[PDB]
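If you want the building blocks of each chain, they are given just below.
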Amino acid sequence: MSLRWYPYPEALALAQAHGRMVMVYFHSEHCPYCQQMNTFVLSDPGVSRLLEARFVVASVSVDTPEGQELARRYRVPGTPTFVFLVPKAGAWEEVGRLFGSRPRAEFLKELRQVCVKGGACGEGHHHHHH
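The record names solution NMR as the way this model was obtained.

For the protein, the name recorded in the PDB entry is Thioredoxin, with Thermus thermophilus as its organism. In the PDB, the structure is listed with the title "Solution structure of a thioredoxin from Thermus thermophilus".

Below you can see the structure in the form of structure tokens.
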């Protein structure tokens, strides 16, 4: 495999033990909205390269108990649901969620933003009214 798609437990463990970031990818076959983007846009070598760099991707099935549970916990629809979690100090930080597939342009925007969010999340010192 090229990009690393591990189960939710492993993805968190790999990230935690290797100082990486977590990409929680919620997928369902009952939500066929992702299959269009996932195949081309998400499997894009450019996109995948940003994930390979610092991310551990969690392939979670929303229709099965663990995904069902996470759907209760995080409150998630079908697919594609991208939840980015950063391991910092000793806690997991959700830096945002992407839903609606989007073109890789917008996806890479957030994928790059999250790349910064890993250390930039927690900002608010420099207040802004926009």
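Here we come to the side chain of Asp44. Residue position: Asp44 is located in the loop between α2 (35-42) and α3 (45-54). Residue class for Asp44 comes out buried when judged on its relative accessible area of 13%. There is a polar contact of 2.9 Å between the side chain of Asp44 and the backbone nitrogen of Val47.

On to the sheet that holds strand β4 (residues 81-88), then. With mixed pairing, the five strands of this open sheet are ordered in space as β1-β3-β2-β4-β5. Lying at the two open borders of the sheet, with one neighbouring strand each, are β1 (5-6) and β5 (91-99). Packed on one face of the sheet, α2 meets β1, β2 (21-27) and β4 and runs near 140 degrees to β2. With respect to the sheet, α3 is in contact with β2 and β3 (55-61), its orientation differing from that of β3 by roughly 110 degrees.

How each quantity is defined
- Residues numbered from 1 in each chain as written, not as in the entry; some residues may be left out.
- Heavy atoms only, no water.
- Helix = DSSP H or I, 4+ residues; strand = E, 2+ residues; numbered from the N terminus.
- Buried < 20%, exposed > 50% of the residue type's maximum accessible area, 1.4 Å probe, protein only.
- Polar contact = N/O pair within 3.5 Å; in protein donor to acceptor, adjacent residues only side chain to side chain.
- Pairing = 2+ DSSP bridges.
- Contact = heavy atoms within 4.5 Å.
- Axes fitted to C-alpha atoms, helices over the stretch in contact; angles between N-to-C directions.

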